[PDB]
């Protein structure tokens, strides 16, 4: 595993691999912050959609009610001489329907957010799964060098200098 002959050369490489390890280990930790924050944000969006769904459900309960109640009301009071409040009742209901589109559209905008974020989340997870094998090998290489030098009796002072 060690590709060098003399202490000083081996020690110089130990420094490179440890510096490479620490830089990579930092890149992973940086991506892990992004990754987890994104899960949190996704979970938030996912419940916000549930809140939209459940709000739209409540709006559709109104629509059912006005339809039924309007019909029943009109029949009890005949629609005969009194027809002034029908155009009102119907115009109010146009506003009700019109508000539901706005809300339906917002849910649609959030869903498109969630979709863009979900694809970023997967790209973060792809990036870290390609880092992982490098991080592991650099750790294992670093240790092999520390071993090699320790077996040869190289002093801790020189090793500490090479690990800085």
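Numbering follows the first chain given and starts at 1.
- Ranked by Cα temperature factor within the chain, residue 23 sits in the highest third according to the deposited record.
- Ranked by C-alpha B-factor against the other modelled residues of its chain, residue 124 falls in the highest third.
- Placement of the Cα temperature factor of residue 61 within the chain: middle third of the modelled residues, per the deposited record.
- For residue 155, the recorded CA temperature factor ranks within the highest third of the chain's modelled residues.
- Ranked by Cα temperature factor within the chain, residue 34 sits in the highest third according to the deposited record.
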